[PDB]
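Below is the file query-v2.cif, which contains mmCIF, C-alpha atoms.
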```cif
data_data
loop_
_atom_site.label_atom_id
_atom_site.label_comp_id
_atom_site.auth_asym_id
_atom_site.auth_seq_id
_atom_site.Cartn_x
_atom_site.Cartn_y
_atom_site.Cartn_z
CA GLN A 20 -49.99 -15.78 43.10
CA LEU A 21 -48.05 -17.19 40.19
CA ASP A 22 -49.19 -20.44 41.79
CA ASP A 23 -52.79 -19.18 41.79
CA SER A 24 -52.49 -18.26 38.12
CA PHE A 25 -51.17 -21.66 37.06
CA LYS A 26 -53.96 -23.32 39.06
CA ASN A 27 -56.49 -21.19 37.18
CA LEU A 28 -55.13 -22.55 33.90
CA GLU A 29 -55.68 -26.10 35.17
CA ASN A 30 -59.24 -25.31 36.23
CA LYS A 31 -59.88 -23.72 32.86
CA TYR A 32 -58.48 -26.53 30.69
CA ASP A 33 -58.45 -29.62 32.93
CA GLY A 34 -55.30 -31.69 33.43
CA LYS A 35 -51.95 -30.64 34.87
CA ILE A 36 -49.43 -28.00 33.88
CA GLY A 37 -45.78 -28.24 34.94
CA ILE A 38 -43.38 -25.31 34.94
CA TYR A 39 -39.72 -24.84 35.78
CA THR A 40 -37.31 -21.99 35.15
CA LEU A 41 -33.56 -22.02 35.67
CA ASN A 42 -31.37 -18.95 36.10
CA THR A 43 -27.61 -18.59 35.77
CA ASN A 48 -37.09 -19.33 40.42
CA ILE A 49 -40.61 -19.94 39.04
CA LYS A 50 -41.87 -23.50 39.47
CA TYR A 51 -45.20 -25.34 39.59
CA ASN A 52 -45.80 -29.09 39.71
CA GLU A 53 -42.09 -29.22 38.96
CA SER A 54 -41.78 -32.83 40.20
CA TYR A 55 -44.91 -34.18 38.53
CA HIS A 56 -44.21 -36.67 35.71
CA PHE A 57 -45.43 -35.83 32.19
CA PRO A 58 -45.15 -37.68 28.86
CA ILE A 59 -41.85 -36.49 27.34
CA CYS A 60 -42.94 -37.09 23.73
CA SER A 61 -40.61 -35.59 21.11
CA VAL A 62 -38.79 -33.49 23.71
CA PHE A 63 -36.45 -36.47 24.21
CA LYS A 64 -34.90 -35.49 20.87
CA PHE A 65 -32.80 -32.71 22.46
CA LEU A 66 -31.34 -35.19 24.96
CA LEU A 67 -30.49 -37.46 22.05
CA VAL A 68 -28.74 -34.66 20.18
CA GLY A 69 -26.90 -33.73 23.36
CA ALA A 70 -25.74 -37.34 23.59
CA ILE A 71 -24.57 -37.25 19.98
CA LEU A 72 -22.54 -34.09 20.62
CA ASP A 73 -20.96 -35.65 23.69
CA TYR A 74 -20.17 -38.69 21.53
CA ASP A 75 -18.49 -36.44 18.99
CA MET A 76 -16.30 -34.97 21.72
CA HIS A 77 -15.12 -38.51 22.57
CA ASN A 78 -15.04 -39.67 18.96
CA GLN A 79 -13.52 -36.88 16.87
CA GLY A 80 -15.09 -36.47 13.42
CA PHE A 81 -18.41 -38.11 14.25
CA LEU A 82 -20.49 -35.03 13.30
CA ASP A 83 -19.13 -35.18 9.74
CA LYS A 84 -19.83 -38.91 9.40
CA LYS A 85 -21.99 -39.79 6.39
CA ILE A 86 -25.10 -41.85 7.07
CA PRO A 87 -27.13 -43.54 4.31
CA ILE A 88 -30.84 -42.71 4.47
CA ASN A 89 -32.87 -45.80 3.53
CA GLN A 90 -36.60 -46.18 2.86
CA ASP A 91 -36.94 -48.52 5.83
CA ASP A 92 -35.58 -45.70 8.00
CA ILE A 93 -38.70 -43.72 7.13
CA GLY A 94 -41.03 -46.70 7.52
CA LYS A 95 -44.54 -45.60 8.45
CA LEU A 96 -43.33 -42.46 10.24
CA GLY A 97 -45.33 -39.56 8.85
CA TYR A 98 -43.34 -36.54 10.01
CA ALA A 99 -40.01 -36.64 8.11
CA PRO A 100 -39.47 -33.17 6.68
CA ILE A 101 -35.72 -33.62 6.02
CA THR A 102 -35.13 -37.37 5.88
CA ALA A 103 -37.97 -37.96 3.41
CA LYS A 104 -36.18 -35.71 0.92
CA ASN A 105 -32.98 -37.76 1.13
CA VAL A 106 -33.88 -41.42 0.61
CA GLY A 107 -31.12 -43.17 -1.34
CA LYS A 108 -28.67 -40.41 -0.44
CA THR A 109 -26.62 -39.69 2.69
CA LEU A 110 -26.80 -37.10 5.46
CA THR A 111 -24.07 -36.21 7.98
CA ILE A 112 -24.65 -36.84 11.69
CA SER A 113 -24.84 -33.06 12.13
CA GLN A 114 -27.53 -32.80 9.46
CA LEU A 115 -29.48 -35.52 11.27
CA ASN A 116 -29.12 -33.61 14.53
CA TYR A 117 -30.67 -30.57 12.87
CA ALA A 118 -33.49 -32.74 11.54
CA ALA A 119 -34.10 -34.34 14.96
CA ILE A 120 -34.32 -30.96 16.70
CA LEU A 121 -36.86 -29.99 14.06
CA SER A 122 -38.64 -33.17 15.23
CA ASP A 123 -37.90 -35.38 12.18
CA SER A 124 -38.79 -38.88 13.44
CA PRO A 125 -36.72 -41.06 11.12
CA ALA A 126 -33.75 -38.77 11.82
CA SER A 127 -34.20 -39.44 15.54
CA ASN A 128 -34.37 -43.20 15.17
CA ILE A 129 -31.21 -43.14 13.02
CA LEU A 130 -29.37 -41.14 15.68
CA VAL A 131 -30.40 -43.56 18.43
CA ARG A 132 -29.00 -46.38 16.30
CA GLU A 133 -25.77 -44.52 15.45
CA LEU A 134 -25.35 -43.68 19.15
CA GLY A 135 -25.41 -47.40 19.89
CA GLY A 136 -29.02 -47.73 21.01
CA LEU A 137 -31.27 -46.65 23.87
CA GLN A 138 -29.06 -48.01 26.63
CA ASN A 139 -26.36 -45.54 25.62
CA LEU A 140 -28.85 -42.69 25.55
CA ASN A 141 -30.05 -43.50 29.07
CA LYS A 142 -26.44 -43.69 30.25
CA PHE A 143 -25.91 -40.18 28.88
CA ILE A 144 -29.09 -38.90 30.54
CA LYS A 145 -27.77 -40.22 33.87
CA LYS A 146 -24.41 -38.51 33.21
CA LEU A 147 -26.37 -35.23 32.95
CA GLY A 148 -27.55 -35.76 36.52
CA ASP A 149 -31.07 -36.66 35.39
CA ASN A 150 -32.56 -39.52 37.41
CA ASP A 151 -36.21 -38.68 36.68
CA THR A 152 -36.40 -39.08 32.90
CA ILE A 153 -37.20 -42.65 31.82
CA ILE A 154 -36.95 -43.45 28.10
CA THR A 155 -37.68 -47.01 26.94
CA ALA A 156 -38.37 -46.58 23.25
CA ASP A 157 -37.76 -44.48 20.17
CA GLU A 158 -40.35 -43.18 17.65
CA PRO A 159 -43.23 -43.52 17.68
CA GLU A 160 -43.55 -45.85 20.69
CA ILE A 161 -41.99 -43.18 22.97
CA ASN A 162 -45.31 -41.33 22.65
CA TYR A 163 -47.37 -43.94 24.49
CA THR A 164 -47.64 -43.71 28.23
CA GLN A 165 -49.97 -44.77 31.00
CA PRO A 166 -51.33 -42.39 33.66
CA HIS A 167 -49.66 -44.08 36.66
CA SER A 168 -46.39 -45.17 35.07
CA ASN A 169 -43.31 -42.94 34.78
CA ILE A 170 -42.13 -44.83 31.69
CA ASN A 171 -41.44 -42.40 28.83
CA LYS A 172 -42.03 -39.45 31.16
CA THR A 173 -39.95 -36.65 32.66
CA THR A 174 -40.50 -33.80 35.17
CA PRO A 175 -40.41 -30.06 34.45
CA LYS A 176 -37.43 -29.75 36.81
CA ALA A 177 -35.37 -32.55 35.30
CA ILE A 178 -35.93 -31.69 31.65
CA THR A 179 -35.30 -27.97 32.23
CA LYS A 180 -32.09 -28.54 34.19
CA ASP A 181 -31.11 -30.80 31.25
CA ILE A 182 -31.50 -28.21 28.50
CA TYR A 183 -29.72 -25.59 30.61
CA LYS A 184 -26.84 -27.91 31.43
CA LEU A 185 -26.42 -28.86 27.77
CA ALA A 186 -26.45 -25.27 26.50
CA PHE A 187 -24.56 -23.55 29.32
CA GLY A 188 -23.08 -26.21 31.61
CA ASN A 189 -19.90 -28.22 31.85
CA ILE A 190 -20.59 -31.41 29.91
CA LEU A 191 -20.28 -30.11 26.35
CA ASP A 192 -17.35 -27.81 25.54
CA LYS A 193 -17.70 -24.34 24.02
CA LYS A 194 -17.76 -25.51 20.41
CA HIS A 195 -20.42 -28.13 21.12
CA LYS A 196 -22.56 -25.88 23.29
CA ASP A 197 -22.66 -23.35 20.45
CA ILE A 198 -23.76 -26.07 18.02
CA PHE A 199 -26.47 -27.26 20.36
CA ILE A 200 -27.75 -23.72 20.85
CA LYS A 201 -27.83 -23.09 17.10
CA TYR A 202 -29.91 -26.24 16.48
CA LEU A 203 -32.46 -25.15 19.08
CA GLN A 204 -32.63 -21.66 17.60
CA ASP A 205 -33.20 -23.10 14.11
CA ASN A 206 -36.29 -24.98 15.31
CA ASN A 207 -39.62 -23.93 13.79
CA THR A 208 -42.16 -26.18 15.56
CA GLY A 209 -42.73 -24.03 18.66
CA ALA A 210 -43.96 -20.82 17.03
CA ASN A 211 -47.33 -21.23 18.76
CA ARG A 212 -45.99 -22.24 22.15
CA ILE A 213 -43.49 -20.43 24.39
CA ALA A 214 -42.22 -18.19 21.58
CA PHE A 215 -45.77 -16.96 20.96
CA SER A 216 -45.70 -15.09 24.28
CA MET A 217 -42.09 -13.90 24.54
CA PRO A 218 -41.37 -10.22 23.96
CA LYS A 219 -40.25 -9.94 20.35
CA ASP A 220 -36.73 -8.74 21.25
CA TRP A 221 -36.11 -11.82 23.41
CA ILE A 222 -34.17 -14.59 21.65
CA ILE A 223 -35.37 -18.18 22.01
CA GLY A 224 -34.41 -21.72 21.02
CA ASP A 225 -36.65 -24.67 21.90
CA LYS A 226 -37.77 -28.25 21.44
CA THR A 227 -41.45 -29.17 21.42
CA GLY A 228 -43.24 -32.41 22.13
CA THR A 229 -46.71 -33.57 21.16
CA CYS A 230 -47.70 -37.17 22.02
CA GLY A 231 -51.09 -37.19 20.32
CA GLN A 232 -52.64 -38.62 23.46
CA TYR A 233 -53.47 -37.42 26.98
CA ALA A 234 -53.46 -33.89 25.53
CA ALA A 235 -49.67 -34.07 26.03
CA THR A 236 -48.22 -30.81 24.78
CA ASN A 237 -44.70 -29.67 25.73
CA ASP A 238 -42.22 -26.92 25.01
CA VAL A 239 -38.74 -26.65 26.57
CA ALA A 240 -36.75 -23.56 25.79
CA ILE A 241 -33.67 -21.48 26.32
CA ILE A 242 -34.42 -17.77 26.39
CA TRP A 243 -32.11 -14.76 26.24
CA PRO A 244 -34.03 -11.85 27.74
CA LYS A 245 -32.85 -8.46 26.47
CA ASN A 246 -29.84 -7.34 28.52
CA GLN A 247 -30.02 -10.37 30.81
CA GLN A 248 -28.29 -13.73 31.13
CA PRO A 249 -29.99 -16.70 29.51
CA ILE A 250 -32.64 -18.73 31.31
CA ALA A 251 -34.21 -22.11 30.67
CA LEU A 252 -37.95 -22.66 30.78
CA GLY A 253 -39.84 -25.94 30.59
CA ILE A 254 -43.64 -26.05 30.31
CA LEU A 255 -45.29 -29.49 30.15
CA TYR A 256 -49.01 -30.14 29.93
CA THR A 257 -51.03 -33.34 30.13
CA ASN A 258 -54.54 -34.54 30.96
CA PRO A 259 -53.96 -37.94 32.53
CA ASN A 260 -57.74 -38.46 32.75
CA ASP A 261 -58.48 -38.40 29.03
CA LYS A 262 -56.42 -40.52 26.66
CA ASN A 263 -58.17 -39.10 23.64
CA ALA A 264 -57.90 -35.42 24.57
CA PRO A 265 -56.12 -33.47 21.80
CA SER A 266 -53.03 -31.26 22.23
CA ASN A 267 -53.49 -27.81 23.76
CA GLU A 268 -51.08 -25.07 22.67
CA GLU A 269 -53.16 -22.25 24.13
CA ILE A 270 -52.46 -23.25 27.71
CA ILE A 271 -48.73 -23.17 26.96
CA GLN A 272 -49.19 -19.70 25.45
CA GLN A 273 -50.97 -18.43 28.53
CA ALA A 274 -48.53 -20.00 31.00
CA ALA A 275 -45.62 -18.54 29.01
CA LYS A 276 -47.22 -15.09 29.08
CA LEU A 277 -47.60 -15.22 32.86
CA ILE A 278 -43.95 -16.12 33.07
CA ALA A 279 -42.81 -13.43 30.64
CA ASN A 280 -44.72 -10.84 32.67
CA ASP A 281 -43.11 -12.02 35.91
CA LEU A 282 -39.60 -12.08 34.47
CA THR A 283 -40.07 -8.58 33.07
CA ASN A 284 -41.22 -7.45 36.50
CA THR A 285 -38.15 -9.14 38.00
CA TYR A 286 -35.69 -7.50 35.61
CA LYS A 287 -37.38 -4.14 36.10
#
```

Kindly transcribe the structure held in the file into structure tokens.
Amino acid sequence: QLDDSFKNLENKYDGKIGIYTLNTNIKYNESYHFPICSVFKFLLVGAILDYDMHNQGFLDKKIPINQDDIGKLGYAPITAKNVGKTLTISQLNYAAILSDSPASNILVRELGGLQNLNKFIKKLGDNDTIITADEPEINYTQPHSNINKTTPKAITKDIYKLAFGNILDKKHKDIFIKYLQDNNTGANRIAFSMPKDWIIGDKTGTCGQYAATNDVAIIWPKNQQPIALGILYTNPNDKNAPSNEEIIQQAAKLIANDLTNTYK
């Protein structure tokens, strides 16, 4: 019946919705591949934190922000205010989680490139996520290729493992969690449907094609242990279809209702 409800959303809006939750189990199309879009930025920040663990002091390292870092990238809320100055790696992490594109490309470079990122993703246990570019090329996919795509299961296990698992230590988990909680781009996605006393941190993704609209979250239900929730949406049949936040809202509400029933 949760299944029936998710199917109704697909009928209503076209395309495919993918859902996975992880407890300390609601799932739908959890092994279907969806454009990852900007969601990759939380994997990147995870990789940076792991790097810091192996390279003490890295988070405090000062990075020059140059005009060519910005380039023709339009969404640069933090980096654009710092051209000709420097930002620490940690400040760039914050920016990346807030979806700052130049910040993300800088981090990929300072990590040592995409090969290192993909190595880290494999270390997480994720063999479904395939990243072959940074911003903005990461946003371009093809319907039948898994390049630059992930699955609800893989990406949701990833965020849970990073925030609560055994790859980052306590100090670095707490930092990761705080970045996600500071994010402001998902107000109209999962957060929109959570009870107001539930705490959430999240990373969104919006490709600008194939209606690709994502939100992957950690949620602390009142008086319960934290859970992870990934909701991915795409219409592989319409390259020009615009993003759709409402379907995420409705899927998240179904889930919130079910969880509340569970905890009751």

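Residue nearest residue 173 in chain A within the list A:128, A:52, A:260, A:232: A:52 [criterion: smallest interatomic distance, only C-alpha atoms].
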
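With all atoms listed in the file as the atoms that count, the residue of A:201, A:56, A:64, A:142 with the shortest distance to residue 175 in chain A is A:56.
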
Applied to this file, what does the PyMOL selection byres ((chain A and resi 180) around 12) return in terms of residues, put as an MDAnalysis selection string?
chainID A and resid 38:43 53 66 144 147:152 173:179 181:188 239:241 250:253

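Interatomic distance, CA of residue 109 in chain A against CA of residue 83 in chain A: 11.2 Å.
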
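Nearest to residue 111 in chain A of all the residues A:55, A:143, A:81, A:256 is A:81, based on all atoms listed in the file.
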
With distances taken over all atoms listed in the file, which of A:134, A:275, A:170, A:203 is nearest to residue 216 in chain A?
A:275

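Nearest residue to residue 115 in chain A among A:163, A:233, A:98, A:202 is A:202, counting all atoms listed in the file.
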
I'd like to see the residues matched by the PyMOL selection byres ((chain A and resi 217) around 10) on this file, and ideally I'd get them as a count of residues only.
19

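Once the PyMOL selection byres ((chain A and resi 166) around 12) is applied to this file, the selection holds residues 34, 35, 55, 56, 57, 58, 163, 164, 165, 167, 168, 169, 170, 171, 172, 232, 233, 234, 235, 257, 258, 259, 260, 261 and 262 of chain A.
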
Is it possible to add N, CA and C atoms to range 141-170 of chain A and hand it back as a PDB file, keeping the file's coordinate frame?
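Dumped everything to part-v7.pdb:
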```pdb
ATOM      1  N   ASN A 141     -29.737 -43.555  27.641  1.00  0.00           N
ATOM      2  CA  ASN A 141     -30.050 -43.500  29.070  1.00  0.00           C
ATOM      3  C   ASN A 141     -28.813 -43.330  29.949  1.00  0.00           C
ATOM      4  N   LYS A 142     -27.705 -43.963  29.569  1.00  0.00           N
ATOM      5  CA  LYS A 142     -26.440 -43.690  30.250  1.00  0.00           C
ATOM      6  C   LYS A 142     -26.079 -42.201  30.181  1.00  0.00           C
ATOM      7  N   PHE A 143     -26.223 -41.604  29.005  1.00  0.00           N
ATOM      8  CA  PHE A 143     -25.910 -40.180  28.880  1.00  0.00           C
ATOM      9  C   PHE A 143     -26.837 -39.318  29.741  1.00  0.00           C
ATOM     10  N   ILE A 144     -28.128 -39.623  29.713  1.00  0.00           N
ATOM     11  CA  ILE A 144     -29.090 -38.900  30.540  1.00  0.00           C
ATOM     12  C   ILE A 144     -28.679 -38.949  32.026  1.00  0.00           C
ATOM     13  N   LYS A 145     -28.258 -40.116  32.498  1.00  0.00           N
ATOM     14  CA  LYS A 145     -27.770 -40.220  33.870  1.00  0.00           C
ATOM     15  C   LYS A 145     -26.510 -39.371  34.101  1.00  0.00           C
ATOM     16  N   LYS A 146     -25.620 -39.329  33.115  1.00  0.00           N
ATOM     17  CA  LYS A 146     -24.410 -38.510  33.210  1.00  0.00           C
ATOM     18  C   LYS A 146     -24.746 -37.023  33.388  1.00  0.00           C
ATOM     19  N   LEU A 147     -25.867 -36.596  32.796  1.00  0.00           N
ATOM     20  CA  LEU A 147     -26.370 -35.230  32.950  1.00  0.00           C
ATOM     21  C   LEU A 147     -26.826 -34.917  34.361  1.00  0.00           C
ATOM     22  N   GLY A 148     -27.020 -35.952  35.178  1.00  0.00           N
ATOM     23  CA  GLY A 148     -27.550 -35.760  36.520  1.00  0.00           C
ATOM     24  C   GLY A 148     -29.055 -35.958  36.587  1.00  0.00           C
ATOM     25  N   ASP A 149     -29.629 -36.469  35.500  1.00  0.00           N
ATOM     26  CA  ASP A 149     -31.070 -36.660  35.390  1.00  0.00           C
ATOM     27  C   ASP A 149     -31.480 -38.073  35.786  1.00  0.00           C
ATOM     28  N   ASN A 150     -32.071 -38.218  36.966  1.00  0.00           N
ATOM     29  CA  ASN A 150     -32.560 -39.520  37.410  1.00  0.00           C
ATOM     30  C   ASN A 150     -34.086 -39.624  37.397  1.00  0.00           C
ATOM     31  N   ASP A 151     -34.747 -38.683  36.730  1.00  0.00           N
ATOM     32  CA  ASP A 151     -36.210 -38.680  36.680  1.00  0.00           C
ATOM     33  C   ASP A 151     -36.739 -39.107  35.309  1.00  0.00           C
ATOM     34  N   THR A 152     -35.981 -38.804  34.269  1.00  0.00           N
ATOM     35  CA  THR A 152     -36.400 -39.080  32.900  1.00  0.00           C
ATOM     36  C   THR A 152     -36.200 -40.562  32.554  1.00  0.00           C
ATOM     37  N   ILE A 153     -37.273 -41.234  32.150  1.00  0.00           N
ATOM     38  CA  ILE A 153     -37.200 -42.650  31.820  1.00  0.00           C
ATOM     39  C   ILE A 153     -37.627 -42.910  30.379  1.00  0.00           C
ATOM     40  N   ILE A 154     -36.667 -43.210  29.516  1.00  0.00           N
ATOM     41  CA  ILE A 154     -36.950 -43.450  28.100  1.00  0.00           C
ATOM     42  C   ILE A 154     -36.752 -44.931  27.779  1.00  0.00           C
ATOM     43  N   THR A 155     -37.757 -45.565  27.177  1.00  0.00           N
ATOM     44  CA  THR A 155     -37.680 -47.010  26.940  1.00  0.00           C
ATOM     45  C   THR A 155     -37.947 -47.369  25.496  1.00  0.00           C
ATOM     46  N   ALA A 156     -38.108 -46.349  24.662  1.00  0.00           N
ATOM     47  CA  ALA A 156     -38.370 -46.580  23.250  1.00  0.00           C
ATOM     48  C   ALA A 156     -38.017 -45.365  22.405  1.00  0.00           C
ATOM     49  N   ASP A 157     -37.933 -45.579  21.099  1.00  0.00           N
ATOM     50  CA  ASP A 157     -37.760 -44.480  20.170  1.00  0.00           C
ATOM     51  C   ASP A 157     -39.111 -44.188  19.502  1.00  0.00           C
ATOM     52  N   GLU A 158     -39.106 -43.634  18.290  1.00  0.00           N
ATOM     53  CA  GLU A 158     -40.350 -43.180  17.650  1.00  0.00           C
ATOM     54  C   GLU A 158     -40.992 -44.300  16.866  1.00  0.00           C
ATOM     55  N   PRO A 159     -42.329 -44.410  16.940  1.00  0.00           N
ATOM     56  CA  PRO A 159     -43.230 -43.520  17.680  1.00  0.00           C
ATOM     57  C   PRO A 159     -43.637 -44.049  19.064  1.00  0.00           C
ATOM     58  N   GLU A 160     -43.121 -45.209  19.445  1.00  0.00           N
ATOM     59  CA  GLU A 160     -43.550 -45.850  20.690  1.00  0.00           C
ATOM     60  C   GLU A 160     -43.314 -44.966  21.930  1.00  0.00           C
ATOM     61  N   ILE A 161     -42.290 -44.115  21.881  1.00  0.00           N
ATOM     62  CA  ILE A 161     -41.990 -43.180  22.970  1.00  0.00           C
ATOM     63  C   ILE A 161     -43.218 -42.352  23.356  1.00  0.00           C
ATOM     64  N   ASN A 162     -44.145 -42.191  22.421  1.00  0.00           N
ATOM     65  CA  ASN A 162     -45.310 -41.330  22.650  1.00  0.00           C
ATOM     66  C   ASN A 162     -46.394 -41.940  23.531  1.00  0.00           C
ATOM     67  N   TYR A 163     -46.303 -43.239  23.784  1.00  0.00           N
ATOM     68  CA  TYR A 163     -47.370 -43.940  24.490  1.00  0.00           C
ATOM     69  C   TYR A 163     -47.022 -44.129  25.946  1.00  0.00           C
ATOM     70  N   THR A 164     -47.884 -43.613  26.810  1.00  0.00           N
ATOM     71  CA  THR A 164     -47.640 -43.710  28.230  1.00  0.00           C
ATOM     72  C   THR A 164     -48.879 -44.255  28.900  1.00  0.00           C
ATOM     73  N   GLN A 165     -48.792 -44.450  30.207  1.00  0.00           N
ATOM     74  CA  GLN A 165     -49.970 -44.770  31.000  1.00  0.00           C
ATOM     75  C   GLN A 165     -49.979 -43.805  32.173  1.00  0.00           C
ATOM     76  N   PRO A 166     -51.177 -43.420  32.628  1.00  0.00           N
ATOM     77  CA  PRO A 166     -51.330 -42.390  33.660  1.00  0.00           C
ATOM     78  C   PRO A 166     -50.477 -42.614  34.908  1.00  0.00           C
ATOM     79  N   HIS A 167     -50.340 -43.850  35.380  1.00  0.00           N
ATOM     80  CA  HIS A 167     -49.660 -44.080  36.660  1.00  0.00           C
ATOM     81  C   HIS A 167     -48.250 -44.633  36.524  1.00  0.00           C
ATOM     82  N   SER A 168     -47.751 -44.701  35.300  1.00  0.00           N
ATOM     83  CA  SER A 168     -46.390 -45.170  35.070  1.00  0.00           C
ATOM     84  C   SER A 168     -45.493 -44.010  34.647  1.00  0.00           C
ATOM     85  N   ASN A 169     -44.270 -43.985  35.167  1.00  0.00           N
ATOM     86  CA  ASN A 169     -43.310 -42.940  34.780  1.00  0.00           C
ATOM     87  C   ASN A 169     -42.501 -43.280  33.534  1.00  0.00           C
ATOM     88  N   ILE A 170     -42.783 -44.430  32.938  1.00  0.00           N
ATOM     89  CA  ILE A 170     -42.130 -44.830  31.690  1.00  0.00           C
ATOM     90  C   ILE A 170     -42.406 -43.789  30.614  1.00  0.00           C
TER      91      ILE A 170
END
```
